[PDB]
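Asker: Numbered per my numbering, the first sequence spans residues 211 to 342.
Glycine included, each C-beta is placed from N, C-alpha and C at the ideal position.
Take a look at the following structure, please.
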Amino acid sequence: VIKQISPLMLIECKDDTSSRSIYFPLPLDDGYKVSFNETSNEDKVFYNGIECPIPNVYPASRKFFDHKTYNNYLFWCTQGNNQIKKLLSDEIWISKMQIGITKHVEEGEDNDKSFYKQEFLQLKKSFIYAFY
RNA sequence: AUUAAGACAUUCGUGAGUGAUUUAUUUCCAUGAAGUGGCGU
């Protein structure tokens, strides 16, 4: 009976529980302009041997792509009635590392080798998962 | 039935070993067992 499942969504539920904000990962090109100048014979990238035009990139605010300041991969985004709201992944997900062992019950087992660390994630109080 | 299920950060472990409340310090300084005779003219 299952026919169609939507991609899992990150939904924010506010105190005024009448509207929900859907959060998406920030596009990797956000805040930057990519042109691909086509004057030809200028410069061609070879991605593992395939022809491709050169990706001229500028911030949408010139200078070039400074990968020392590139941080779009750390941000999640949602629609606002203005610009795009950027939320850090830190502010959404809380992470803790848990140490675990199996208590050595003697008269048996070669299991001193039971020793591990696990990562557990907690969602912020206003954030839930959803899909259709 | 879903990179899933099971799993104590637990076992052993003396805040203990050595250590003088001891060293230095005069119950001492000053000081008269002294003073006076009386009456019988």
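When you compare each of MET307, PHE341, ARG272 and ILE311 to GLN332 by their alpha carbons, which one comes out closest?
Answerer: Out of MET307, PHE341, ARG272 and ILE311, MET307 has the C-alpha closest to the C-alpha of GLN332.
Asker: Between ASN291 and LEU236, which are expected to be in contact by the criterion C-beta below 8 Å, what is the C-beta distance as a whole number of angstroms?
Answerer: 19 Å between Cβ atoms; not a contact.
Asker: Excluding sequence positions up to five away, which residues of its chain have a Cβ less than 8 Å from the Cβ of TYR339?
Answerer: Correct list, in chain order: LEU218, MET219, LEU220, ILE221 and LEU333.
Asker: So which of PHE325, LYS296, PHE330 and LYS313 has the shortest CA-CA distance to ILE232?
Answerer: Ranking the options by Cα distance to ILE232, first place goes to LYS296.
Asker: When you compare only the Cα positions, how much space is there between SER229 and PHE337?
Answerer: About 13 Å.
Asker: Do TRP286 and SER299 have their beta-carbon atoms positioned less than 8 Å apart in this structure?
Answerer: Their beta carbons are under 8 Å apart, which means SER299 touches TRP286 by this criterion.
Asker: In this structure, how does DSSP classify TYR342 when only helix, strand and coil are distinguished?
Answerer: Coil.
Asker: In three-state terms, what does DSSP make of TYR326?
Answerer: Strand, per DSSP.
Asker: Measuring from the CB of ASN251, is there a heavy atom of the ligand SAM at a distance below 7 Å?
Answerer: Of the ligands one can find in the structure shown there are none, so the ligand SAM has no counterpart to examine.
Asker: Compare the Cα-Cα distances from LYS243 to each of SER324, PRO265 and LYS254 and report the closest residue.
Answerer: Closest by alpha carbon: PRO265.
Asker: Which two residues bound the contiguous alpha helix (DSSP H) that contains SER299?
Answerer: Unbroken alpha helix (DSSP H) run through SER299: 299-302.
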